[PDB]
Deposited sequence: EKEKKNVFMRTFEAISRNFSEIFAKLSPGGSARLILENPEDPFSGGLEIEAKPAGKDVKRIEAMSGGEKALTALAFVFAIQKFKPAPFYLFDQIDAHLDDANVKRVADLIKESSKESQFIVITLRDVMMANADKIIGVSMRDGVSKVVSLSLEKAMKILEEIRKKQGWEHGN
């Protein structure tokens, strides 16, 4: 057990560090074990400049980014034909959203990715955009282009009345 558990853990952990280093330029993150398996699995992350602290001591946004690194690492261990992500960028800033989006755009050449996000930086990186809307309690779908989707967003931002 602990013979293979370490075979996987070393595989996943190896992934977590390389993904994180991509999402957090100049930074790093390791999945050190508390008992090299009586205890638990701890996460230590260290971005550019800041000191090393367990995930539970990071800011909300940093926690969300680190957690994603972990998740992404588990998916790399056992690649799926497609992925469905619902709001994984709800706490990340425009810069961080973009990094996650570029990573997803990259892996996009090998596996299929279906991400549901309210952020514009995330959708703008997609090959296709599906706009959902509702009228009288009924959901409808329409294939929106990159320009049309942006027009709607720019209109929301204009000062109307």
Stretches with no C-alpha atoms in the model, relative to the deposited sequence starting at 1: 1-3, 40-42, 168-172
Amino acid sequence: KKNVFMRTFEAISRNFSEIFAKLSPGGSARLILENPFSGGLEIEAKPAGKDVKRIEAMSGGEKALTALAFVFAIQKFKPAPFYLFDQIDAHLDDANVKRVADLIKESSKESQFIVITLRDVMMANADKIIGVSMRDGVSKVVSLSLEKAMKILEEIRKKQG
From here on, numbers count along this sequence of modelled residues.
Per the entry, higher mean C-alpha B factor between 24-32 and 60-68: 24-32
Which of 10-18 and 135-143 has higher mean CA B factor, as the PDB entry lists it: 10-18
Maximum C-alpha temperature factor, selected from 51, 106, 127, 93: 51
Options 55, 121, 100, 118 - largest CA temperature factor per the record: 55
Chain-wide C-alpha B factor ranking for residue 111, given as lowest, middle or highest third: middle
